[PDB]
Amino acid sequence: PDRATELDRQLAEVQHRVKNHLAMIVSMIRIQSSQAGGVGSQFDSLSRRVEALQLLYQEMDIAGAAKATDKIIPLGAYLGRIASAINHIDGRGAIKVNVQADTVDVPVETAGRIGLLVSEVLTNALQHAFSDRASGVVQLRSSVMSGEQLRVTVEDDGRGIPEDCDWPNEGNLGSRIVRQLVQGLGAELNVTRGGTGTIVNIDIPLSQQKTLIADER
């Protein structure tokens, strides 16, 4: 409310370095922020999505300018700060959140897509997986494998995604975000259900990111 124009300036700087669905997504977030004008943003996932984009802006600011295809964003650092914010706000006693992120530099567009992705899925774990549970575990992993394949995992031991619900093909706004960003990353998403929990795995080709980013231009 005192940072409205500054927040908007940051989200615009992000917006003007990205494209396609991602750029659109940032555009929406910018508008919705101003409408509430604060705060205004905390009662739903808006605050969370703003924070993912601000944390990304901070990484860009530190990294300086470079070609859209240049690997300049430290993903592990960025995902760690997303995860920390989420467990701090949306966490709860008796719920353990482990975080294991590899050191890897990626392009801005790649980071933004993955960051929002992790925000969506991880929030989902803490918000939904433990409704009726007294204790739980969430694990976030980000592992570089062979052939520049990055695997991002979010694991619950909680309640499980309802069977009728075929997330992320079905769901609320979060599910639509996830499907778009996965597509923009050239990635593959998979989900595993049950009362033993929800396991989400996104396989991302970091080798193909340069190609994706330049095709958008």
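Residue numbers here begin at 1 and follow the sequence given.
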**OP:** On mean C-alpha B-factor from the PDB entry, just flag whether 36-44 or 153-161 is the higher one.
**Re:** 36-44
**OP:** Give the stretch, out of 67-75 and 113-121, with the larger mean C-alpha temperature factor in the deposited entry.
**Re:** 67-75
Original post:
Taking the values straight from the PDB record, which of 202, 199, 23, 206 has the highest C-alpha temperature factor?
Top reply: 23
Original post:
According to the PDB entry, is the CA B factor of residue 87 in the bottom, middle or top third of its chain, that is, lowest, middle or highest?
Top reply: lowest
**OP:** Ordered by C-alpha B-factor within the chain, which third holds residue 142? Give me lowest, middle or highest, please.
**Re:** lowest
**OP:** Can you work out whether the C-alpha temperature factor of residue 131 puts it in the lowest, middle or highest third of the chain?
**Re:** highest
**OP:** State the tercile, meaning the lowest, middle or highest third, of residue 60 with respect to the CA B-factors recorded for its chain.
**Re:** highest
Subject >> Within-chain third of residue 53 by Cα B-factor, per the entry >> reply: lowest
